[PDB]
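Asker: My questions all concern the structure below.
There are 2 protein chains.
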Amino acid sequence: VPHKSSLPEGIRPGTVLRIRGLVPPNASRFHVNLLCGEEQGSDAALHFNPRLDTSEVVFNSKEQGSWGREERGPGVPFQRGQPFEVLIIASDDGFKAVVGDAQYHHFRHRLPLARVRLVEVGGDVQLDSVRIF
Amino acid sequence: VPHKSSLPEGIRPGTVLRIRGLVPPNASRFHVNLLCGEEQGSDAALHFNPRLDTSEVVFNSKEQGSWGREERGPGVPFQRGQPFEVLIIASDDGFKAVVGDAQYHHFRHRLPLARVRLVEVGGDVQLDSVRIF
Ligand SMILES: CO[C@@H]1O[C@H](COS(=O)(=O)O)[C@@H](O)[C@H](O[C@@H]2O[C@H](CO)[C@H](O)[C@H](O)[C@H]2O)[C@H]1NC(C)=O
Ligand SMILES: CO[C@@H]1O[C@H](COS(=O)(=O)O)[C@@H](O)[C@H](O[C@@H]2O[C@H](CO)[C@H](O)[C@H](O)[C@H]2O)[C@H]1NC(C)=O
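Quick mapping for you: the protein sequence lines, in order, are chains A and B.
All residue numbers for the first sequence refer to PDB author numbering, where the first residue is 3 and numbers rise by one.
All residue numbers for the second sequence refer to PDB author numbering, where the first residue is 3 and numbers rise by one.
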């Protein structure tokens, strides 16, 4: 069951998104989206996509219906059947992705932080909790 | 403990200080300090001080050698003999304290965030992890 929730006051430099979860033994890929609307085709300020099937972690944005320029993280800090903790930190420069006990990747802002209205966590993932700090 | 770490690039909005450890069986109090210098006698932008004995968590700053006005968090989110996790998040407004799963307290800036250069953790506390993202 996915987490999809509205952010009334949007997000700000200092906003922290904490995702504690579990990658299922049959999992292929799951996603963490910071969205600008409620639609399935809304703009995405951030698309965080761990892919167990291809052993990649793809960062991207989405504007006017098109995925932007793909960025990729160093290695895959995720594993089928293993728990994870992910911090997504909105700074004034971009989003910092923290997995485990280390800084994983920095994703520079392509869309203004002011446009982010919604958080989505879904895909092949089992959730313990999703927090907005 | 006493963990003393420098922050060379300083800290900007979007910085997270994660402290993991254990509160001792007969702990009285411990502290987390963000100092505006490399020495302990430096000014404190933030004094995070859980007091297990008087059952309170005191927030304050130190300027020219004297404490500012004391703030107190809602109750004590710490239990003696139990492990804890604390997030200290820097934003535009101030510092956001997160203990466990709950946003605990917002401490609005008194000293400029750009003055912070050192993290100090000490007191009755067994540290397991101190990290800055
Ligand atoms: C042109 O098709 C697109 O190719 C990308 C690169 O594929 S790869 O195998 O060389 O890595 C794919 O990433 C892309 O897949 C889509 O990627 C976006 C993020 O950029 C998002 O994760 C989508 O869920 C994913 O399908 C693929 N696009 C399509 C339409 O297939
Ligand atoms: C009147 O002296 C000051 O009283 C504060 C509240 O007293 S209490 O009875 O409600 O507990 C004390 O917190 C304060 O102690 C100092 O507080 C600062 C943070 O503001 C810091 O924790 C110091 O380590 C602590 O001594 C006390 N002030 C002084 C100067 O003793």
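Don't be surprised by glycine CBs; every beta carbon is placed ideally from N, CA and C.
List the endpoints of the continuous beta strand (DSSP E) containing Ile21 of chain B.
Answerer: Here the beta strand (DSSP E) through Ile21 of chain B covers 17 to 24.
Asker: For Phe32 of chain B and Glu11 of chain B, what's the separation of their Cα atoms in angstroms?
Answerer: Computed Cα separation, rounded: 26 Å.
Asker: Going along the chain, which residues of the region 3 to 22 of chain A sit with their C-beta nearer than 7 Å to a C-beta in chain B?
Answerer: Going along the region 3 to 22 of chain A in chain order, one finds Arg14, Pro15, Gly16, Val18 with a Cβ nearer than 7 Å to chain B.
Asker: On a Cα-Cα basis, can you pick out the residue from B:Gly102, B:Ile91, B:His108 that is closest to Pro15 of chain B?
Answerer: Residue B:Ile91 is the option with its Cα nearest to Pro15 of chain B.
Asker: Measuring from the CB of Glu122 of chain A, is there a heavy atom of ligand 1 at a distance below 7 Å?
Answerer: Result no, Cβ not under 7 Å from ligand 1.
Asker: Based on Cα-Cα distance, which residue from B:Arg133, B:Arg22, B:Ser57, B:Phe97 lies nearest to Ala46 of chain B?
Answerer: Nearest option by C-alpha distance: B:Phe97.
Asker: So, does the region 17 to 35 of chain B touch the region 101 to 113 of chain B, judging by three or more C-beta pairs under 8 Å?
Answerer: As far as the Cβ criterion goes, the region 17 to 35 of chain B does not touch the region 101 to 113 of chain B, which means the pair count is below three.
Asker: CB of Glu72 of chain B to nearest heavy atom of ligand 2: below 7 Å?
Answerer: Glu72 of chain B: yes, Cβ under 7 Å from ligand 2.
Asker: If you compare alpha carbons, which of A:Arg112, A:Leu19, A:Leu24 is closest to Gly125 of chain A?
Answerer: Among A:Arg112, A:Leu19, A:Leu24, the Cα nearest to that of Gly125 of chain A is on A:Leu24.
Asker: Start and end of the beta strand (DSSP E) containing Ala29 of chain A?
Answerer: Note, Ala29 of chain A: premise wrong, no beta strand (DSSP E); not H, not E.
Asker: For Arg53 of chain B, report the span of its beta strand (DSSP E) as first-last.
Answerer: Residues 46 to 53.
Asker: I'd like the list of long-range same chain contacts for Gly83 of chain A, defined as Cβ closer than 6 Å, with 5 residues on each side in sequence excluded.
Answerer: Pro27, listed in sequence order.
Asker: Any idea if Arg53 of chain B is buried or exposed, counting beta-carbon neighbours within 10 angstroms, 16 or more meaning buried?
Answerer: The residue is buried, with at least 16 neighbouring Cβ atoms inside 10 Å.
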